[PDB]
Amino acid sequence: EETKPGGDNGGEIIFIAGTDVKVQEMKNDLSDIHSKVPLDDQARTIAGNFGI
Amino acid sequence: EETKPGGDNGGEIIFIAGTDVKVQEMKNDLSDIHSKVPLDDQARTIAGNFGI
Amino acid sequence: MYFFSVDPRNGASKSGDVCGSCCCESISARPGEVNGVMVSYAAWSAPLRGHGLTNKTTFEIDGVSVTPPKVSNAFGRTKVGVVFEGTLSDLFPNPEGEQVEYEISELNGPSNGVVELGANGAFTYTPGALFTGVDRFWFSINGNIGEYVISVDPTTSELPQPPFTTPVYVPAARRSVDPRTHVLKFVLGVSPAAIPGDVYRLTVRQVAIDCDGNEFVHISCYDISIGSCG
Amino acid sequence: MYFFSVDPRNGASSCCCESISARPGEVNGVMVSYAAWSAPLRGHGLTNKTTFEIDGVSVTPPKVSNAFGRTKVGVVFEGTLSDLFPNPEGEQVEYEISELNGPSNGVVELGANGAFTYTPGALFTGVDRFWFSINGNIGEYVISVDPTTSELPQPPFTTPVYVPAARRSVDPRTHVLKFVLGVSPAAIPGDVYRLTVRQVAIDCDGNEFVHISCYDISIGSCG
Amino acid sequence: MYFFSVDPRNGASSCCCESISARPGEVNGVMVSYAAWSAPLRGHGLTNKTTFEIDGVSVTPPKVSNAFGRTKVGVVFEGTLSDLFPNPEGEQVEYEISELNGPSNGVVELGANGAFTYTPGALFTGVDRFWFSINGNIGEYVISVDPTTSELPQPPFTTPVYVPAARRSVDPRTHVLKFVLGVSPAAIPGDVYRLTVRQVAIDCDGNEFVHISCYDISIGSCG
Amino acid sequence: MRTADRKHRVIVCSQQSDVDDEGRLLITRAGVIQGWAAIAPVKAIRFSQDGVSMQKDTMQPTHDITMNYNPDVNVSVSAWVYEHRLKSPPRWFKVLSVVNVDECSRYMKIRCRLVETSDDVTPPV
Amino acid sequence: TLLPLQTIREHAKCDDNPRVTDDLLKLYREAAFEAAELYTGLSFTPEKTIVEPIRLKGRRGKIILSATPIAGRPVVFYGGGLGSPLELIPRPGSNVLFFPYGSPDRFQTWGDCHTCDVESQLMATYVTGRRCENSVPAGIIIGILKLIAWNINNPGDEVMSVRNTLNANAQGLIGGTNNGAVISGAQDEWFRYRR
Amino acid sequence: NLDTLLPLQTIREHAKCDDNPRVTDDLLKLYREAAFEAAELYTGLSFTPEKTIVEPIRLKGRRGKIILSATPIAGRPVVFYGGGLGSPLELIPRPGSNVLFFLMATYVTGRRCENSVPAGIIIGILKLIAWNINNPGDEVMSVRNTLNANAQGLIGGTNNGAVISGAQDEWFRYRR
Amino acid sequence: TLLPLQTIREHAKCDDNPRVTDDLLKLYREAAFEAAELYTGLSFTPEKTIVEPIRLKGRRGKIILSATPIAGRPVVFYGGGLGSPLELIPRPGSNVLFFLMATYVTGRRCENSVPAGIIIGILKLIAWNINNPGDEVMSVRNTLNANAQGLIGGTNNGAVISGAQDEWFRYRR
Amino acid sequence: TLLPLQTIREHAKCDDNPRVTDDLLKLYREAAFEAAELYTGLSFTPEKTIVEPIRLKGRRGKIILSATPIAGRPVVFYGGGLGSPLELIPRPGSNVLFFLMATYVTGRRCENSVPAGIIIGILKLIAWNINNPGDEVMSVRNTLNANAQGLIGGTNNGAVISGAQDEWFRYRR
């Protein structure tokens, strides 16, 4: 925890003596929450029906 | 849970001391629910028949 | 509040949930309490498609164990506003020789007056001013509880004689029925003079009605057990 | 607390009555479980209509007699204790008053020769007792303080072995009878009394089922 | 603060009454949640028609008696403290005025031998109490100062365990009953009292649904 | 042995003898220990239709019984083992020797012999 | 009366070679009847009463009763913007119901500085249990008998472990399924009466 | 009623327990009437088949899927009616196939008649009752062996008390 | 009253060996009831009262109680911007509530409980600890091994290799 | 007073056969008791008091106490731009607080009421040590992959390859 921007040893390596700790980086894509493709199509339909 | 936007520790790491928990990130594509390819063809067909 | 699902009269599924010991359902009551009981005729009247239930319920109370009371009850009479005096020593004919611990419970005292317990079976009932009606209070002569009823007359002629409310009773008109969901509700009152240990039997005759106006009658019973401490 | 399981009246599994030991002065409790007899009679369990009777089979009549006194409220009471012990042989009368069984609402100061003065409790009316021991033999002296108006009635000179008037109880849920067994301090060791219980159950429709049993109360000392 | 969830009387879920511990001198508060019983009885909720009663199942009557006095405003009051403790035996008397239960609008110059004087506060009219202690026996001495015209009434000599006149409140929105339970500084440890509560409900039309429960107050020292 | 092998209810008995006044002897067998134990046979049995086993050497053990050790009890040369069953006749075992299993002081291994098995044996007092 | 002790013994071979006595046999039966008919979906634990504040869950108001009332007794709801109490009859088997979005009243208290007028939360009362019904369809009795047979000779000091996964667990650990009634053959005989 | 179509002597002679007093008649009866059903609901063909079954058929698709639950015995003209069908169309079905394509229909089902009982009971129920009488669920087993160490988790996933014998497999082959 | 010493000694078949006295058996019986209400959470703890400040959680104020006060006794809150106290009756079984100090009471030991489901796992756990200490890590059917690579592991640990842990899961969620 | 030697000789099955003298068992018991204290975090020696300057961490001042005071004693802060000292009632079980010197009380174990846990696992740890002088290898395998250097594996540790770890884990958060 003590490596965040504005920390004691930020940006330095983490050294662990024994007991291999296991880190896995979570993706958290979150770039298709609104489902871009099946959203603009409905926008187009309820717009074209109004004649725009 | 308490890492959502607006929690105690949002964006900070999760430390688990033993008993390895197993997360797997679901895709939830949901970007082809209306089947854009076999939808616009029918839109074109029911349009071309009307002469437009 | 008690709840009971009545048997549907289908020739099956009459076990439901029953640890069989008797026929009539069980109801536990404590002397002095006034509760409300619910019964759901949905299982029996819904297949009989018609106008649902009607407000023609009929109750009856009969005791299978009485253990007659020790102290008798009594009646008192006096006009409006005038102080009443009475004796409480004749109401306990005792077989053995023993003192008489007269007591007046503050929970079952009068409602429109006050009572001053004397030294030996005497009490003063000063009815509330500008009040006319009937009023009671429940004494306790050495553990045996009884009621003493007093009627204050509006100085014109007299008032009638009330019927000395029973140990267990169902009020005159405090029931109702919702034909939209087939549920009957009523009140179950137990006077403070009931003896713990006795058991009374309550029979309910509920009658439905068809689409045209004929009758579908239904009979069931319950065993109310007067037990102390709930 | 004594716990007796009654016989199930099924026609299957020294004396007849069970044994109950007692010590003069104790007020114990006895529990009886009628489950083995009233459970097959599926109904509404037990009812509060029990009935007791006490009768002796070996009494050893007492050497000392009892006495009854009377006085009003606030007024000091005086009495003697010499005509209470008719001695067959000629010996001395060593009077005594046990502090375990003294009075309850007063105090007693024993004289030099069978004399006592019971100053009643200030502002108290009713009845009081205390137990003397004339040469080992124990008897009771009852005093009734009257509330100065007319009089008070006469108490019944409590027996060696007794059952309280209204302290019995039954639990229809678990078929258990509870009653108390008190023994007077005047009970002589070695005596044997007999208690007979008539407990009545009830069927589902209100009829009656009667059951009778007996217990032999053996009055001993040191438990 | 105590809390009791009462049984809802549905034929469903050692002694009968619940347990309430108390310490001599305390004034505590109790909460009861009638929600489980009155919520199915859909009406206008609860009504402020609760009734209390205190009974004693173990008293150990008090050794020292209480007393009462009177004096005019501004005027000093003297009195005795020896004729209130009738002692059975002959021994010494160590009178003491407990500082924690002294007067509230004056001071008391406790003499050496059951004597004292009470100077009421300047320009004060009302009642004032203080709890003496003779050989460990605790009793109250009530003094009512008069506003020099005629008199004030005679207070009722507060009981060992009591519920105040009007400090109760019932929330009909959450079906919760609250009251105060004050225990006199004259309560004797080991005694047991019994408080019965009769709470009345109401329907939509204006009828009553009564409900009764009990509690066993056990006055114990050191909480 | 897993504690589920002990599936027999036994009564370890010590016998006392006293002379009958008419001229006989009488052996009284009283229980001292009762618990869960496991038996295992190591030799066949000749039955002799009254129950009594017809073993000739009368010193070769036929059954081996394992029980929980107990350091204060001293299983003698005059100890018996009364084993009772549910719908079979009880058994009278006479001990011949003990084994302190691996000297771990956890289980006793008692080499015993089957004396008799019939519905008319004298239970211990 | 439903499962005889002699039948249990004759199934589990405890006959003239008697293991732990009838007291533990009847305790094992009382626990096998809280394991079976609690696994398949039935229920027990007679009359009991629960007062419970209910919390709004969902836009249309899913309400999860944390004690699954009996089958049809009206659970009464009150408080929480609800001026007058209302009953709700639940569906048997599950505890998920719906708060009727049609509201009967809203007794709000706009304006207050002693409580800052936030809310008194929604509360409810109900009962759970059953009078008495215990049922054991012939065919689901074999799993109960097998569980008893297993628990007679598996007291809990002997190591038994069947593997569920094939690779490993995570660490140098001996797999694991050590439950009972599954290494006993009861789960796969009660599955036939499970949806 | 489970007594005339499979006598207890048959079980005792198959499982060779005629001299076992530890298996009483009531225990063997419980096993027998728990077995018949054990597999009967599973895929027990339709043991006790003869039974007039009603069915609220629900239409699907253009070809009118009228898929059934238990085909009439062979070609019994099941009467079709109700659910928008006045005329009681007694149409003879396809033997052995319930998913038909033309609502309500009642039909006497079951090739019981002359006590059909072809295979599945005769083999599977005997094998399973034998397994249940001589193999209670208390210890895991192995192939023709009492236990294999294997130094890891036991393989006793099914061989504990499940249907390992060819009983359920004959049930398979008859459902087929 | 929950576990009589006669049942455990007759279940574990350990009554004729003085190596297991009543005191050591009591320490065992206390170790199987503190782990039954801690893996399944039925609170076999007596009445305790916790004074505990609550800290805000989120925009709508999640409040998690660190000691789960009974089922429905109203926990009172005060301080931290709250000018006047207010009560709150929590979830039975869980402590996740929604909106600084707080005060509440925890603790069972009342009209006793623990149905047959838990007692089986409890007796199974004690049957383990009496004759399976931390030495001689075992293998199949309580045997040993000579595995050239290593050993099998996780065998001599309690309540997991036998009974309780999976005999208690039926009361979880 | 927490654990008598008689409990060791009765649980570890060495009452009849000693297998070890008494002072070595005393050294063993101290070893097993000095191992659980620092593995679980919970302090020990009847109470303690630590004076500890706290260092700011974060923009809102996340402050973790290196000794997790008991449950509710107000910790005092002073110095380092903090003009006037002020109290702070901390989290029980955790030490993460939010806002330089500090002084407070430690020693969760003020009384002697270690409920059931640490006693049992230590009994398992001792039973492991009584017969394990370090002569046999007694190593158990770890995660599947055989180490590339090709040893016999790792994790051959007292109080770890026994039940101790699985025992006092229901307290470690």
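Residues numbered from 1 in each chain as written, not as in the entry; some residues may be left out. Chains lettered and ligands numbered in written order. Part of a larger assembly, values for the part shown. Heavy atoms only, no water.

cryo-EM is the method the PDB entry states for this structure, with the resolution given as 4.5 Å.

Our focus in this paragraph is the overall build of chain G. Helix and strand counts for chain G stand at 4 helices and 6 strands. When its helices and strands are written in sequence order, chain G yields α-α-β-β-β-β-β-β-α-α. The globule rule puts the C-alpha radius of gyration for 195 residues at 16 Å, and the 24 Å found for chain G is more than 25% above it. Projected onto the principal axes, the alpha-carbon positions of chain G cover approximately 80 × 50 × 30 Å. Scored against the burial criterion, the 195 residues of chain G give a buried share of 50%. (Helix = DSSP H or I, 4+ residues; strand = E, 2+ residues; numbered from the N terminus. Rg over C-alpha atoms; globule rule 2.2 N^0.38 Å. Buried < 20%, exposed > 50% of the residue type's maximum accessible area, 1.4 Å probe, protein only.)

Taken together, the contact pairs 4 residues of chain I with 4 residues of chain E. Approximately 310 Å² of surface area, both sides summed, lies buried where chain I meets chain E, with 55% of it carried by carbon and sulfur atoms. Linking chain I with chain E are 0 salt bridges. Linking chain I to chain E there are 0 residue pairs in polar contact. Per-class residue counts for the side of chain I that touches chain E are 1 nonpolar, 1 polar and 2 charged. (Contact = heavy atoms within 4.5 Å. Buried area = accessible area lost by both parts, 1.4 Å probe. Salt bridge = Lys/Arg side-chain N within 4 Å of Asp/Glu carboxyl O. Polar contact = N/O pair within 3.5 Å; in protein donor to acceptor, adjacent residues only side chain to side chain. Nonpolar A, V, L, I, M, F, W, Y, C, P; charged D, E, K, R; others polar.)

In this section: the pairing of strand β3 (residues 63–68) of chain F. Every regular strand shows the same layout, with side chains that alternate between the two sheet faces. All names here are of chain F. Within β3, 6 of the 6 residues are buried, leaving the element largely enclosed by the surrounding structure. Sheet topology note: the strand β2 (residues 25–41)/β3 ladder contains 4 bridges and is antiparallel. If you follow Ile 39 over to β3, its bridge partner there is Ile 65. The pairing of β3 with strand β6 (residues 107–116) spans 6 bridges and is classified as antiparallel. Looking across to β6, one finds that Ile 65 is bridged to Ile 110. (Pairing = 2+ DSSP bridges.)

With that out of the way, let us pick up the interface of chain G and chain I. The interface of chain G with chain I comprises 32 residues on the first partner and 40 residues on the second. Joining chain G to chain I, the criterion identifies 0 salt bridges. Run the count over chain G and chain I and you get 15 residue pairs in polar contact. Elements supplying a minimum of two residues to the side of chain G that touches chain I: α2 (22–35) and β1 (48–53) of chain G. With 8 residues, the single largest contributor to the side of chain G that touches chain I is α2 of chain G. Split by residue class, the side of chain G that touches chain I holds 15 nonpolar, 10 polar and 7 charged.

Before going further, it helps to examine the sheet that holds strand β2 (residues 18–22) of chain E. Residues and elements named next belong to chain E. Overall, mixed pairing links the 4 strands, which are arranged β2-β16-β15-β4 in an open sheet. What marks the edges here is a single partner per strand, and that holds for β2 and β4 (51–58). Looking at each pair of strands side by side, their axes are set apart by 30 degrees on average, direction ignored. The sheet contact formed by strand β15 (residues 192–202) and strand β16 (residues 208–219) spans 11 bridges and is antiparallel. Following the sheet pairing, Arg 194 is matched in β16 by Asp 216. (Axes fitted to C-alpha atoms, helices over the stretch in contact; angles between N-to-C directions.)

Residue and element names in this part refer to chain C. If you walk through the whole model with that rule in mind, you get 34 aromatic pairs over all chains. Centre to centre, the rings of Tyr 2 and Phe 4 are 6.0 Å apart; their planes meet at 20 degrees, and the pair counts as stacked. Across the pair, exposure class does not vary: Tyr 2 and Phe 4 are buried alike. Plain terms: the ring middles of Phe 137 and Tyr 148 are 5.6 Å apart, the flat faces sit at 55 degrees to each other, and that makes the pair tilted. One end of the pair, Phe 137, is in strand β9 (residues 133–141); the other, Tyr 148, is in strand β10 (residues 144–153), and 11 residues separate them in sequence. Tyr 148 shares its class with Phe 137; the two are buried. (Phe/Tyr/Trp six-rings, centres within 6.5 Å; stacked < 30°, edge-to-face > 60°.)

Before going further, it helps to examine the pattern of salt bridges. Summed over all chains, the structure comprises 46 salt bridges over all chains. Residue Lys 22 of chain A is joined to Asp 20 of chain B by a salt bridge in which the shortest nitrogen-to-oxygen separation is 3.6 Å. Of this pair, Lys 22 of chain A sits in the segment before α1 (37–48) while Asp 20 of chain B sits in the segment before α1 (37–48), on two different chains. With relative accessibility at 48%, the residue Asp 20 of chain B sits in the partly exposed group. Salt bridges here are not isolated pairs; linked through shared partners, they connect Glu 1 and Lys 4 of chain B together with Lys 62 of chain I.

In this assembly, 18 pairs of chains are in contact, and the pair contributing the most contacts is chains G and I. Across all C-alpha pairs, the smallest distance from chain C to chain F is 33 Å, and the two are not in contact. One thing to see here is that chain C and chain J don't touch, and their nearest C-alpha atoms sit 38 Å from each other.

In terms of nonpolar packing, the biggest core is built from 75 residues, with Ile 144, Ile 148 and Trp 190 of chain G together with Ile 122 of chain I touching the most fellow members. Only α2 and α3 (142–152) of chain G, α2 (25–43), α3 (120–134) and α4 (167–175) of chain H together with α2 (22–31) and α4 (116–129) of chain I provide two or more residues apiece to this core. Those residues in contact with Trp 190 of chain G that sit more than four places away from it in its chain are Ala 35, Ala 36, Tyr 39, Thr 40, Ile 140, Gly 143, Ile 144, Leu 147 and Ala 181 of chain G. Among the nonpolar cores identified, the runner-up in size contains 33 residues, and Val 32, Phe 52, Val 210 and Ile 219 of chain E belong to it. (Core = buried A, V, L, I, M, F, W, Y, C linked by side-chain atoms within 4.5 Å.)

In this model, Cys 222 of chain D sits at a positive phi of 50 degrees, which is unusual for a non-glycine residue. Among the secondary structure elements, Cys 222 of chain D is positioned in the segment after β14 (208–219). The class for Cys 222 of chain D is exposed, based on a relative accessible area of 66%. Unlike most non-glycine residues, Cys 116 of chain G shows phi in positive territory, near 50 degrees.

Turning to the packing of helix α2 (residues 22–40) of chain J against helix α3 (residues 117–130) of chain J, a few remarks are in order. Residues and elements named next belong to chain J. Between α2 and α3, the least distance of the axes is 9 Å, while the angle of their chain directions is 130 degrees. For the element pair α2 / α3, the angle class is oblique. The chirality of how α2 crosses α3 is right-handed. Residue-level inspection shows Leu 25, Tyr 28, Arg 29, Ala 32, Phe 33, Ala 35 and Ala 36 of α2 in contact with α3, the latter providing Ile 118, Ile 122, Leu 125, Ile 126, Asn 129 and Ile 130. Broken down by class, the residue content of the contact of α2 with α3 amounts to 11 nonpolar, 1 polar and 1 charged. (Parallel < 35°, antiparallel > 145°, perpendicular 65-115°, else oblique. Left-handed = near helix turned anticlockwise from the far one by under 90°.)

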